[PDB]
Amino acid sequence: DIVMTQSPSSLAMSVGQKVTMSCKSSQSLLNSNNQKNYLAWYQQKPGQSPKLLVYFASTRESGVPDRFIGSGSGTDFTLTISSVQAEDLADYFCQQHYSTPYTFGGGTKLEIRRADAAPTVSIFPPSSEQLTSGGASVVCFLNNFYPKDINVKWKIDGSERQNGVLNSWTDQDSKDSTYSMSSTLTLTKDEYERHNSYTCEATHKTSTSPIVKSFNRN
């Protein structure tokens, strides 16, 4: 089996700049008859199916913007974006279509670098329909912040609580290049009614002081 090694695994670039990612094979992909390299590049945007960018190492697929250019020969291959766009965020896969079985690379995930952004925090105490069923979940949203690194601490009556928390992150927005995060702390109805405050604390590099959002059962 031909082995495809992709470098690097992750890549961040500001808009309008040029980026390069590399693909290397374990044996030559150059045809002697054809003088063609049987390598293909695929773009997979999050939550979608891969799309053909370049095949035959350097032939761009019809409909692909000309900022995507495939280059290389033999065993060394690179994909380049002349000026990356906010929509270009994706996992880029290189694949050999030379010999069976056709093998894929590891993939190079492209992120966008933008200006720092503060998170918009909204905390939601549990609904009434949920409280009648016997449970209670507190939700805390953290929207449209940058960079992606962020932490959340739940405080019940001012005391830290760690079990019962479940988090989720959206993929980077293809338009504003920001990140959003959800964090739901789940209790039982009697454990919930046995406390007063419930604070959702967030720390982000855009502020030295943590962002606090809390309520009371009043």
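In this text, residue numbers run from 1 along the sequence as written.
The stretch with the higher mean CA B factor, choosing between 22 to 30 and 186 to 194, is 186 to 194. Per-stretch averaging of Cα B factors for 87 to 95 and 128 to 136 places 128 to 136 on top. Going by the entry's values, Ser159 shows the largest Cα B-factor out of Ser159, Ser58, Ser49, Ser174. Set against one another, the Cα B-factors of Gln43, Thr178, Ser168, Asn151 in the record reach their highest point at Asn151.
When the CA B factors of the chain's modelled residues are split into thirds, the value for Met4 lands in the lowest one. Sorting the modelled residues of the chain by their CA temperature factor places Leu142 in the lowest third. Among all modelled residues in this chain, the alpha-carbon of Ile123 has a temperature factor (C-alpha) in the middle third. Per the deposited record, the Cα B-factor of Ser10 falls in the middle third when ranked against the other modelled residues of its chain. Annotation for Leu110: CA B-factor lies in the lowest third of the chain's modelled residues.
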